[PDB]
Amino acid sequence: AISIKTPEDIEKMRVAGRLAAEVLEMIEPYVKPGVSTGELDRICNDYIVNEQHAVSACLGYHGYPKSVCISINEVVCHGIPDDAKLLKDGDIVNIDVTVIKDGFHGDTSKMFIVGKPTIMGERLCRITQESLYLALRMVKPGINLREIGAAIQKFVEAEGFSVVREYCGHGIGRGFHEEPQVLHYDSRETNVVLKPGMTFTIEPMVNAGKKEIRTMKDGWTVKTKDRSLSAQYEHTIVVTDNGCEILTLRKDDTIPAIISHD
């Protein structure tokens, strides 16, 4: 059941969200040509455990083997860190982190462009982040999630891209995935009116090509059916009385932590 977080819980969410965002800030320098997704994962976990004194929520979730998800180019999500997978020039990579601190979760991801960026890669990532931003700018009490989902899709599709249907944002707090589901496209099933105190994520997965995906035989790795590029950005937020506050904001984000509509 969708719950309203207390001022105390919200503060714990701010701490967890900050830590998650800081893992992404910390790993940035390591995302260079020649590094393996495997070592990047080890680097993230060492930081989370030893420095943040927190724990990755992904490690073991539904059986996930690693601490963070790392997806490259045509891989849509759930890419498994591998010691034999090296980043290369032109690659676009998503690193998705979720940490648990004092009982609460912080969930966020971002795209990193490796080496010399490609105009196409750079555009898919920019548009994807912008679809997330426009959605965040719509968040406030009274609005229906169906509206936000419809807006993301409309913006993305106008760019000639597509929105992955199999995955969605979600409520979050003491649990990794709580209600409600946050669809990134228009669905006749969606009907959720936002209220202050609600905490959830927005994390659109955008394909340069067709929306259809395929799961690899390792039971986790998801790729675009047509093998086109795919990007995703994610933030955890809390609905306020007149808008929202992004709990996982990073220094490289080009959107304010607090979004006011007064």
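Definition used throughout: the rigid core is the maximal C-alpha set that superposes within 1.5 Å between two forms. Residue numbers here begin at 1 and follow the sequence given.
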Taking C-alpha RMS after core alignment, which stretch differs more from the shown form in 9 other deposited structures of this protein: 45 to 53, or 212 to 220? 212 to 220
Averaging only over Cα atoms, indicate whether 116 to 124 or 146 to 154 has the higher B-factor in the PDB entry. 116 to 124
Pick between 181 to 189 and 168 to 176: the one whose mean CA B-factor in the entry is higher. 181 to 189
From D96, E130, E74, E159, which pick has the Cα B-factor that tops the rest in the entry? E159
Out of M111, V163, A84, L136, highest CA B-factor residue: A84
Using only modelled residues of the chain, where does the Cα B factor of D107 rank: lowest third, middle third or highest third? lowest
Would you please rank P204 by its C-alpha temperature factor against the other modelled residues of its chain and give the third it falls in: lowest, middle or highest? lowest
Among modelled residues of the same chain, the CA temperature factor third for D241: highest
Quick tally, chain-level thirds of C-alpha B-factors: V222 sits in the middle
Ranking every modelled residue in this chain by its Cα temperature factor as given in the entry, which third contains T215? highest
